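Position one of the sequence shown corresponds to residue 1 (the deposited numbering), numbered consecutively onward.
For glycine and all other residues, C-beta sits at the position ideal for the given N, C-alpha and C.
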Amino acid sequence: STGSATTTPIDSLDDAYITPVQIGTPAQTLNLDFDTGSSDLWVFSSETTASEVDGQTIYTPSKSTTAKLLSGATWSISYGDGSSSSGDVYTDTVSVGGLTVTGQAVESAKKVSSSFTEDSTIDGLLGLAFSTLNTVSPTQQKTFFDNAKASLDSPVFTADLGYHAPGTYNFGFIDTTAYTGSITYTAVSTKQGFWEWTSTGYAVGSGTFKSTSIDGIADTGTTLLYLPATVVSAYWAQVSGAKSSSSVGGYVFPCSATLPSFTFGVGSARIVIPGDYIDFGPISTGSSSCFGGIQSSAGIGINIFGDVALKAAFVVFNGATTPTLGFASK
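Below, the structure written as structure tokens:
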């Protein structure tokens, strides 16, 4: 089997991407944030505290003839940005882009934090990291990819995120028309439950490539590119007027600037992030100070290749017995 679904930016900054997902019988279609940095499939639902729902589409399990309460199961998750959600669990039929999994754990939110409530465009998350991170208790549950893997033509999914434009998530096959050149594959550690790999270095604009190992995670659920303070300082030093602002919470730069590109290494290959991809616009409406898309990881504890980096590439998440990641230019 295979599946193929279009993923669409939620706003003009590409702050996140939503992909339609069919849940239950008859189908209830919710727009979920596919997140390779977490491992829970959770949804706004008929059980969510009413004051915490503000425009999202909800899953109503009582209207699904295939929904079954997973008795005793609860879940509770906290994300790197400080947001959180929790609830109980059903199993139901879930389809993405024509690919169907029966018996998928669908985590129904009873509570969500304010940032979820405030984002009317995201109806939940679909986690695509390793199932060892799933928060369901007392019986941990498998991700959608883990459940579908055996049925897929090839045990892979691919992320092809657009810059200010729609893109595609494919399951079970590699679309050779979707990228240029060849795919360079690189080793993955699953020891922290993430798609964790080691970049071989970086360049800033037309500058020379610096060979240096940068361990980090491929995370479609994080907007920006978070890298060590040395690397980020070297980038922003090439932008006149750029500075790190503690009051804003990161590097800002004059909105009048033209940003340099940023290159990251994948083995001997190179992925170029155009400068425009690093512009996240005014810090507040009407300001001439703009927020940078490359930020320091020093306060996180891990480097994060988020959407800013991933959308410059065609990315293969290879879930073979020894997982690997692949990157191609496009």
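Where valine 136 falls: helix, strand or coil (DSSP): Walking along the sequence shown from the start, residue 136 turns up at place 136. In this structure, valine 136 counts as coil in the three-state DSSP scheme.
When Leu224, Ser38, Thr36, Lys63 are compared against residue 332, the one with the closest alpha-carbon: Here the chain comprises residues numbered 1 to 330, so residue 332 is not present and cannot be evaluated.
Where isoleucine 278 falls: helix, strand or coil (DSSP): The count along the sequence shown starts at 1 and reaches residue 278 at position 278. In the structure shown, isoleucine 278 sits in a helix (DSSP, three-state: H, G or I).
Segments assigned beta strand (DSSP E), at least 3 residues, entirely inside the region 24-66: 28-35, 41-43
Every unbroken alpha helix (DSSP H) inside the region 182-233 [4 residues or more]: none
In chain order, each beta strand (DSSP E) run of at least 3 residues that lies wholly inside the region 80-117: 84-96, 99-112
When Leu13, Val188, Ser199 are compared against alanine 129, the one with the closest alpha-carbon: Along the sequence shown, one-based indexing puts residue 129 at 129. Checking every option, the nearest Cα to that of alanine 129 belongs to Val188.
Closest Cα partner of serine 86 within the set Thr143, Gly97, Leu41, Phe173: Along the sequence shown, one-based indexing puts residue 86 at 86. Among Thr143, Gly97, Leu41, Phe173, the Cα nearest to that of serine 86 is on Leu41.
Host alpha helix (DSSP H) of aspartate 160 (start-end): Within the sequence shown, numbered from 1, the residue matching residue 160 stands at position 160. It is not in any alpha helix (DSSP H) - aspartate 160 instead sits in the beta strand (DSSP E) that spans 156-160.
From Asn170, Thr8, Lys330, residue whose alpha carbon lies closest to that of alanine 178: Stepping through the sequence shown from its first residue, residue 178 is reached at position 178. That would be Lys330, whose Cα lies nearest to the Cα of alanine 178.
Own chain partners of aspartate 160 with C-beta closer than 6 Å, once the 5 adjacent residues on each side are dropped: Residue 160 sits at position 160 when you count from the first residue of the sequence shown. The answer, listed in chain order, is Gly167, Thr168, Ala178, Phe314.
Length of the line joining the Cα atoms of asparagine 318 and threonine 324: Looking up residue 318 in the sequence shown gives position 318. Looking up residue 324 in the sequence shown gives position 324. Their Cα atoms are separated by approximately 5 Å.
Residues that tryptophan 75 bridges to, as DSSP identifies them: Position 75 of the sequence shown, counting from 1, holds the residue named residue 75. The partner list for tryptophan 75 (beta bridge, DSSP) reads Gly87.
Residue closest to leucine 99, alpha-carbon to alpha-carbon, out of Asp146, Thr222, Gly281: Mapped onto the sequence shown, residue 99 falls at position 99. The shortest Cα separation from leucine 99 among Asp146, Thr222, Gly281 belongs to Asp146.
Residue of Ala16, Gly82, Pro61 minimising C-alpha distance to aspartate 35: As a working mapping, residue 35 is identified with position 35 in the sequence shown. With distances taken between Cα atoms, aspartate 35 lies closest to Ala16.
Cβ-based burial, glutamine 141 [other Cβ within 10 Å; buried from 16]: Indexing the sequence shown from 1 puts residue 141 at position 141. When all chains shown are included, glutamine 141 counts as buried.
Paired residues, beta bridge with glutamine 295 - DSSP: Counted from its first residue, the sequence shown places residue 295 at position 295. Bridge partners of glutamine 295: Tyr226.
Inter-stretch contact (C-beta, 8 Å, three-pair minimum) for the region 299-307 and the region 212-225: yes
9 Å Cβ cutoff met for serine 296 and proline 254: Locating residue 296 in the sequence shown gives position 296, counting from the first residue. Locating residue 254 in the sequence shown gives position 254, counting from the first residue. No, the pair does not count as a contact, with Cβ atoms beyond the cut-off.
Where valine 308 sits in the DSSP three-state scheme: By 1-based counting over the sequence shown, the position of residue 308 is 308. Of the three classes helix, strand and coil, the one that applies to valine 308 here is helix, per DSSP.
Span of the alpha helix (DSSP H), counted from its first residue to its last, around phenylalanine 314: Translated into the one-based positions of the sequence shown, residue 314 becomes position 314. Counting along the chain, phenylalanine 314 falls outside any alpha helix (DSSP H), though it belongs to the beta strand (DSSP E) covering 314-318.
Limits of the unbroken alpha helix (DSSP H) element including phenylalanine 173: Locating residue 173 in the sequence shown gives position 173, where the first residue counts as 1. That residue, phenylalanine 173, is in no alpha helix (DSSP H); it is neither H nor E in DSSP.
For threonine 135 and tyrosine 90, the rounded distance between their alpha carbons: The residue labelled residue 90 in the question sits at position 90 within the sequence shown. The residue labelled residue 135 in the question sits at position 135 within the sequence shown. Computed Cα separation, rounded: 14 Å.
Beta carbon of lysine 68 nearer than 9 Å to that of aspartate 92: Here residue 68 refers to the residue found at position 68 of the sequence shown. Here residue 92 refers to the residue found at position 92 of the sequence shown. Yes. Within cutoff.
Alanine 148 in three-state terms, based on DSSP: For the purposes of this step, residue 148 is identified with residue 148 of the sequence shown, where counting begins at 1. Correct three-state label for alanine 148: helix.
Nearest-angstrom Cβ-Cβ length linking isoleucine 273 and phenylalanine 262, presumed shorter than 8 Å: Against the sequence shown, residue 273 aligns to sequence position 273. Against the sequence shown, residue 262 aligns to sequence position 262. About 5 Å; that satisfies the 8 Å criterion.
Assigned secondary structure, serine 289 (DSSP; H/G/I helix, E/B strand, else coil): In the sequence shown, residue 289 corresponds to position 289, counting from 1. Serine 289 falls in the strand class under three-state DSSP.
First and last residue of the uninterrupted beta strand (DSSP E) at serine 256: The residue you call residue 256 lines up with position 256 of the sequence shown. No beta strand (DSSP E) holds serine 256; DSSP gives it neither H nor E.
Residue environment, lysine 191, which counts as buried when at least 16 other CB atoms sit within 10 Å: The residue given as residue 191 occupies position 191 in the sequence shown. That one is exposed.
Start-to-end residues for the beta strand (DSSP E) that takes in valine 272: Walking along the sequence shown from the start, residue 272 turns up at place 272. Residues 269-273.
Under the three-state DSSP convention, the category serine 12 falls into: For this step, residue 12 is matched to residue 12 along the sequence shown. The answer is coil: DSSP assigns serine 12 none of H, G, I, E or B.
Spatial neighbours of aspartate 54 in its chain, beta-carbon cut-off 8 Å, leaving aside the 5 residues before and after: Locating residue 54 in the sequence shown gives position 54, where the first residue counts as 1. If we look at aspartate 54 and ignore the five residues flanking it on each side, its Cβ neighbours are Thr117, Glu118, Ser120.
Neighbourhood of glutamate 52 by C-beta, 6 Å cutoff - its chain only, sequence neighbours within 5 removed: Along the sequence shown, one-based indexing puts residue 52 at 52. Around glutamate 52: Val112, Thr117.
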